[PDB]
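Okay, final.cif now, which holds mmCIF, N, CA and C atoms:
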data_protein
loop_
_atom_site.label_atom_id
_atom_site.label_comp_id
_atom_site.auth_asym_id
_atom_site.auth_seq_id
_atom_site.Cartn_x
_atom_site.Cartn_y
_atom_site.Cartn_z
N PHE A 50 39.49 -46.06 33.34
CA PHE A 50 39.60 -44.83 32.56
C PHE A 50 38.25 -44.13 32.49
N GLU A 51 38.30 -42.84 32.17
CA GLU A 51 37.12 -42.06 31.84
C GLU A 51 37.11 -41.78 30.34
N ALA A 52 35.95 -41.97 29.72
CA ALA A 52 35.83 -41.95 28.27
C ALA A 52 35.21 -40.65 27.80
N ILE A 53 35.84 -40.02 26.81
CA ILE A 53 35.29 -38.85 26.13
C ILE A 53 34.72 -39.36 24.80
N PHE A 54 33.40 -39.54 24.76
CA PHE A 54 32.78 -40.12 23.57
C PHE A 54 32.79 -39.15 22.39
N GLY A 55 32.41 -37.90 22.62
CA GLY A 55 32.30 -36.95 21.53
C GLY A 55 32.44 -35.52 21.99
N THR A 56 32.92 -34.67 21.08
CA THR A 56 32.98 -33.23 21.27
C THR A 56 32.26 -32.56 20.11
N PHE A 57 31.49 -31.52 20.42
CA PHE A 57 30.61 -30.90 19.45
C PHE A 57 30.80 -29.39 19.43
N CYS A 58 30.65 -28.80 18.25
CA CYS A 58 30.70 -27.36 18.07
C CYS A 58 29.32 -26.84 17.67
N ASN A 59 29.17 -25.52 17.72
CA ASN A 59 27.90 -24.91 17.34
C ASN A 59 27.71 -24.96 15.83
N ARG A 60 26.57 -25.50 15.39
CA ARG A 60 26.24 -25.60 13.98
C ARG A 60 25.39 -24.41 13.55
N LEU A 61 25.71 -23.23 14.08
CA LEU A 61 24.91 -22.03 13.85
C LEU A 61 24.74 -21.75 12.36
N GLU A 62 23.50 -21.48 11.96
CA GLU A 62 23.17 -21.19 10.57
C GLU A 62 23.01 -19.69 10.39
N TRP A 63 23.57 -19.17 9.29
CA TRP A 63 23.57 -17.74 9.05
C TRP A 63 22.20 -17.26 8.58
N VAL A 64 21.93 -15.97 8.81
CA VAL A 64 20.73 -15.31 8.33
C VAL A 64 21.14 -14.12 7.48
N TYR A 65 20.27 -13.76 6.53
CA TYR A 65 20.54 -12.64 5.63
C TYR A 65 19.28 -11.79 5.47
N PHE A 66 19.50 -10.50 5.21
CA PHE A 66 18.41 -9.52 5.21
C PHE A 66 17.39 -9.82 4.10
N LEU A 67 17.86 -9.89 2.85
CA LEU A 67 16.95 -10.08 1.73
C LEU A 67 16.23 -11.43 1.80
N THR A 68 16.79 -12.40 2.51
CA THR A 68 16.12 -13.69 2.66
C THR A 68 14.95 -13.65 3.63
N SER A 69 14.69 -12.51 4.26
CA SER A 69 13.57 -12.34 5.16
C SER A 69 12.48 -11.51 4.49
N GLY A 70 11.23 -11.91 4.67
CA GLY A 70 10.15 -11.18 4.02
C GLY A 70 10.04 -9.76 4.51
N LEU A 71 10.68 -9.45 5.64
CA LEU A 71 10.70 -8.08 6.13
C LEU A 71 11.33 -7.13 5.11
N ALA A 72 12.18 -7.64 4.21
CA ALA A 72 12.75 -6.79 3.17
C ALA A 72 11.70 -6.36 2.15
N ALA A 73 10.56 -7.07 2.11
CA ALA A 73 9.51 -6.69 1.18
C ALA A 73 8.98 -5.30 1.47
N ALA A 74 8.87 -4.94 2.75
CA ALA A 74 8.54 -3.57 3.10
C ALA A 74 9.68 -2.62 2.73
N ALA A 75 10.90 -3.13 2.69
CA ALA A 75 12.08 -2.32 2.41
C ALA A 75 12.30 -2.17 0.91
N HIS A 76 13.31 -1.37 0.56
CA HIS A 76 13.89 -1.27 -0.77
C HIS A 76 15.38 -0.96 -0.54
N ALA A 77 16.19 -2.02 -0.51
CA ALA A 77 17.57 -1.88 -0.08
C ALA A 77 18.46 -1.37 -1.21
N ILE A 78 19.26 -0.36 -0.91
CA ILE A 78 20.18 0.24 -1.86
C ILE A 78 21.54 0.39 -1.19
N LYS A 79 22.59 -0.05 -1.88
CA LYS A 79 23.96 0.07 -1.38
C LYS A 79 24.59 1.34 -1.94
N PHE A 80 25.29 2.08 -1.07
CA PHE A 80 25.80 3.40 -1.43
C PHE A 80 27.13 3.57 -0.72
N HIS A 81 28.22 3.45 -1.47
CA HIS A 81 29.56 3.48 -0.88
C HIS A 81 29.86 4.85 -0.28
N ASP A 82 29.48 5.93 -0.97
CA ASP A 82 29.79 7.28 -0.53
C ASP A 82 28.81 7.84 0.49
N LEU A 83 27.96 7.00 1.09
CA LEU A 83 26.98 7.50 2.05
C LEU A 83 27.65 8.11 3.28
N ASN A 84 28.86 7.65 3.62
CA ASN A 84 29.54 8.15 4.82
C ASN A 84 29.83 9.64 4.73
N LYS A 85 29.96 10.19 3.52
CA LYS A 85 30.31 11.60 3.37
C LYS A 85 29.13 12.53 3.60
N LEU A 86 27.93 12.14 3.15
CA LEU A 86 26.78 13.04 3.15
C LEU A 86 26.06 13.00 4.48
N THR A 87 25.50 14.15 4.88
CA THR A 87 24.52 14.14 5.97
C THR A 87 23.33 15.02 5.57
N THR A 88 22.47 14.47 4.71
CA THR A 88 21.05 14.80 4.55
C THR A 88 20.50 13.99 3.38
N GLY A 89 19.20 13.73 3.37
CA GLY A 89 18.57 13.15 2.20
C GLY A 89 17.15 13.64 2.05
N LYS A 90 16.80 14.23 0.90
CA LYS A 90 15.49 14.84 0.77
C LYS A 90 14.85 14.48 -0.56
N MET A 91 13.51 14.45 -0.56
CA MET A 91 12.70 14.27 -1.76
C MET A 91 11.61 15.33 -1.76
N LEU A 92 11.27 15.81 -2.96
CA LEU A 92 10.37 16.95 -3.12
C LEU A 92 9.13 16.52 -3.88
N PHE A 93 7.96 16.87 -3.36
CA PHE A 93 6.67 16.56 -3.97
C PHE A 93 5.96 17.85 -4.34
N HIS A 94 5.45 17.92 -5.57
CA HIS A 94 4.66 19.05 -6.04
C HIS A 94 3.29 18.53 -6.47
N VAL A 95 2.25 18.92 -5.73
CA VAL A 95 0.91 18.38 -5.92
C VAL A 95 -0.09 19.53 -5.99
N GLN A 96 -1.00 19.47 -6.95
CA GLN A 96 -2.09 20.42 -7.09
C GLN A 96 -3.42 19.69 -7.01
N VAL A 97 -4.43 20.38 -6.48
CA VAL A 97 -5.70 19.75 -6.14
C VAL A 97 -6.69 19.87 -7.29
N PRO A 98 -7.65 18.95 -7.41
CA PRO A 98 -8.80 19.19 -8.27
C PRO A 98 -9.80 20.12 -7.59
N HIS B 350 -26.04 9.62 -31.71
CA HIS B 350 -26.60 8.41 -32.31
C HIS B 350 -25.56 7.28 -32.27
N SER B 351 -24.45 7.53 -31.58
CA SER B 351 -23.39 6.56 -31.40
C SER B 351 -23.16 6.33 -29.91
N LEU B 352 -22.80 5.10 -29.56
CA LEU B 352 -22.64 4.69 -28.18
C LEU B 352 -21.22 4.20 -27.92
N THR B 353 -20.77 4.37 -26.68
CA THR B 353 -19.44 3.94 -26.26
C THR B 353 -19.58 2.91 -25.14
N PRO B 354 -19.01 1.71 -25.29
CA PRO B 354 -19.13 0.70 -24.23
C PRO B 354 -18.24 0.99 -23.03
N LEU B 355 -18.86 1.19 -21.87
CA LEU B 355 -18.14 1.39 -20.62
C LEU B 355 -18.72 0.46 -19.56
N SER B 356 -17.89 0.10 -18.58
CA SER B 356 -18.20 -0.96 -17.63
C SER B 356 -18.50 -0.38 -16.26
N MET B 357 -19.58 -0.87 -15.65
CA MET B 357 -19.94 -0.52 -14.29
C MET B 357 -20.52 -1.75 -13.61
N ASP B 358 -20.87 -1.60 -12.34
CA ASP B 358 -21.56 -2.64 -11.59
C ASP B 358 -23.07 -2.42 -11.67
N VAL B 359 -23.80 -3.52 -11.78
CA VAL B 359 -25.25 -3.48 -11.96
C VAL B 359 -25.89 -4.43 -10.95
N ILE B 360 -26.93 -3.95 -10.27
CA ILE B 360 -27.72 -4.77 -9.35
C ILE B 360 -28.99 -5.21 -10.06
N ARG B 361 -29.42 -6.43 -9.79
CA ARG B 361 -30.64 -7.00 -10.37
C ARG B 361 -31.63 -7.26 -9.25
N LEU B 362 -32.83 -6.69 -9.37
CA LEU B 362 -33.82 -6.77 -8.31
C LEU B 362 -35.19 -6.37 -8.85
N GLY B 363 -36.19 -7.20 -8.59
CA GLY B 363 -37.56 -6.89 -9.00
C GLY B 363 -37.75 -6.76 -10.49
N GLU B 364 -37.03 -7.57 -11.27
CA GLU B 364 -37.08 -7.54 -12.74
C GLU B 364 -36.75 -6.16 -13.30
N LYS B 365 -35.95 -5.39 -12.57
CA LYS B 365 -35.31 -4.20 -13.10
C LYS B 365 -33.86 -4.19 -12.65
N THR B 366 -33.00 -3.63 -13.50
CA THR B 366 -31.57 -3.58 -13.24
C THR B 366 -31.13 -2.14 -13.05
N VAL B 367 -30.29 -1.92 -12.05
CA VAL B 367 -29.93 -0.58 -11.61
C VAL B 367 -28.41 -0.46 -11.57
N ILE B 368 -27.90 0.69 -12.01
CA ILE B 368 -26.47 0.96 -12.03
C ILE B 368 -26.04 1.42 -10.64
N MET B 369 -24.90 0.92 -10.18
CA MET B 369 -24.34 1.29 -8.89
C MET B 369 -23.13 2.19 -9.14
N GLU B 370 -23.11 3.35 -8.50
CA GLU B 370 -22.05 4.33 -8.73
C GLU B 370 -21.67 4.97 -7.40
N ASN B 371 -20.38 4.91 -7.06
CA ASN B 371 -19.85 5.53 -5.85
C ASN B 371 -19.10 6.78 -6.28
N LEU B 372 -19.71 7.94 -6.04
CA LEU B 372 -19.15 9.22 -6.47
C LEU B 372 -18.02 9.73 -5.59
N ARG B 373 -17.50 8.91 -4.67
CA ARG B 373 -16.35 9.32 -3.87
C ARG B 373 -15.15 9.69 -4.74
N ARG B 374 -15.01 9.02 -5.89
CA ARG B 374 -13.89 9.26 -6.79
C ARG B 374 -13.89 10.68 -7.36
N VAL B 375 -15.01 11.40 -7.29
CA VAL B 375 -15.08 12.72 -7.90
C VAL B 375 -14.63 13.80 -6.92
N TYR B 376 -14.97 13.65 -5.64
CA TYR B 376 -14.84 14.73 -4.67
C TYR B 376 -13.56 14.64 -3.85
N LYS B 377 -12.63 13.77 -4.22
CA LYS B 377 -11.40 13.61 -3.45
C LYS B 377 -10.53 14.86 -3.53
N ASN B 378 -9.94 15.21 -2.38
CA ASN B 378 -8.92 16.25 -2.28
C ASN B 378 -9.39 17.59 -2.84
N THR B 379 -10.65 17.94 -2.58
CA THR B 379 -11.21 19.20 -3.06
C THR B 379 -11.96 19.88 -1.93
N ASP B 380 -12.29 21.16 -2.15
CA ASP B 380 -12.87 21.98 -1.09
C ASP B 380 -14.34 21.66 -0.86
N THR B 381 -15.09 21.37 -1.92
CA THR B 381 -16.54 21.29 -1.85
C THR B 381 -16.97 19.94 -1.27
N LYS B 382 -17.91 19.98 -0.33
CA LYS B 382 -18.43 18.77 0.28
C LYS B 382 -19.21 17.94 -0.73
N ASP B 383 -19.10 16.63 -0.62
CA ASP B 383 -19.93 15.72 -1.41
C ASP B 383 -21.37 15.82 -0.90
N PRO B 384 -22.33 16.20 -1.74
CA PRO B 384 -23.71 16.41 -1.25
C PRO B 384 -24.38 15.15 -0.72
N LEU B 385 -23.88 13.96 -1.03
CA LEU B 385 -24.50 12.73 -0.54
C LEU B 385 -24.18 12.44 0.92
N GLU B 386 -23.28 13.20 1.54
CA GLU B 386 -23.00 13.09 2.97
C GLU B 386 -23.76 14.22 3.66
N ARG B 387 -24.99 13.92 4.05
CA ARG B 387 -25.92 14.93 4.56
C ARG B 387 -25.97 14.91 6.08
N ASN B 388 -26.38 16.04 6.65
CA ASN B 388 -26.66 16.13 8.07
C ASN B 388 -28.16 16.04 8.31
N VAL B 389 -28.53 15.51 9.47
CA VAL B 389 -29.93 15.27 9.81
C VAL B 389 -30.17 15.73 11.24
N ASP B 390 -31.26 16.47 11.45
CA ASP B 390 -31.63 16.99 12.76
C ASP B 390 -32.88 16.27 13.27
N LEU B 391 -32.82 15.85 14.53
CA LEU B 391 -33.96 15.28 15.22
C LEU B 391 -34.14 15.99 16.56
N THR B 392 -35.39 16.24 16.92
CA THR B 392 -35.72 17.00 18.12
C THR B 392 -36.17 16.05 19.22
#
So, in terms of structure tokens, how does the structure I just supplied come out?
Amino acid sequence: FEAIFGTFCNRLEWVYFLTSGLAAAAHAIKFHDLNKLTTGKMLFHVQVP
Amino acid sequence: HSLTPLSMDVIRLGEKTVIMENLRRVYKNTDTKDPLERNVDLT
């Protein structure tokens, strides 16, 4: 006979965004209605000394 | 005749103590050049 000792599957481990220090540069915000809008703006008003 | 305690950096040298002040904080984002950044001509 020929013997099949063992069969193995991938033990792949998941990764997540916030678990990476790269999120430190980020500021993640979830927004359900983002699909509707197409623009995002912020306004700065600065005067000099 | 009254004094206010404020904190700065002080260098000690030759039995005299001198105040260290970086005036960059005054001239930021303004039109007038900081006079301590001078030009020099050599022939």
Once you count all atoms listed in the file, which residues of chain B turn out to be within 6.5 Å of chain A? Could you give them as a PDB file with N, CA and C atoms, in the coordinates of the input?
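And here is the file that came out, result24.pdb:
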ATOM      1  N   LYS B 377     -12.630  13.770  -4.220  1.00  0.00           N
ATOM      2  CA  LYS B 377     -11.400  13.610  -3.450  1.00  0.00           C
ATOM      3  C   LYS B 377     -10.530  14.860  -3.530  1.00  0.00           C
ATOM      4  N   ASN B 378      -9.940  15.210  -2.380  1.00  0.00           N
ATOM      5  CA  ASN B 378      -8.920  16.250  -2.280  1.00  0.00           C
ATOM      6  C   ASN B 378      -9.390  17.590  -2.840  1.00  0.00           C
ATOM      7  N   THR B 379     -10.650  17.940  -2.580  1.00  0.00           N
ATOM      8  CA  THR B 379     -11.210  19.200  -3.060  1.00  0.00           C
ATOM      9  C   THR B 379     -11.960  19.880  -1.930  1.00  0.00           C
ATOM     10  N   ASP B 380     -12.290  21.160  -2.150  1.00  0.00           N
ATOM     11  CA  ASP B 380     -12.870  21.980  -1.090  1.00  0.00           C
ATOM     12  C   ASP B 380     -14.340  21.660  -0.860  1.00  0.00           C
TER      13      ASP B 380
END
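Take atom N of residue 94 of chain A and atom C of residue 382 of chain B: the distance between them is 25.1 Å.
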Taking all atoms of segment 362-366 of chain B that the file lists and extending 5 Å past them on each side, where is the centre of the axis-aligned box and how long are its edges? Answer in Å to one decimal, as JSON.
{"center_x": -34.4, "center_y": -4.9, "center_z": -10.9, "size_x": 16.6, "size_y": 15.4, "size_z": 15.2}
> If you run DSSP on the backbone, which residues of segment 351-392 of chain B are strand (DSSP E), as a PyMOL selection string?
Replying inline: chain B and resi 358-362+365-369
> Interatomic distance between atom C of residue 369 of chain B and atom N of residue 357 of chain B?
Replying inline: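 Interatomic distance here is 8.0 Å.
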> atom N of residue 95 of chain A and atom C of residue 370 of chain B, how far apart in Å?
Replying inline: 27.7 Å
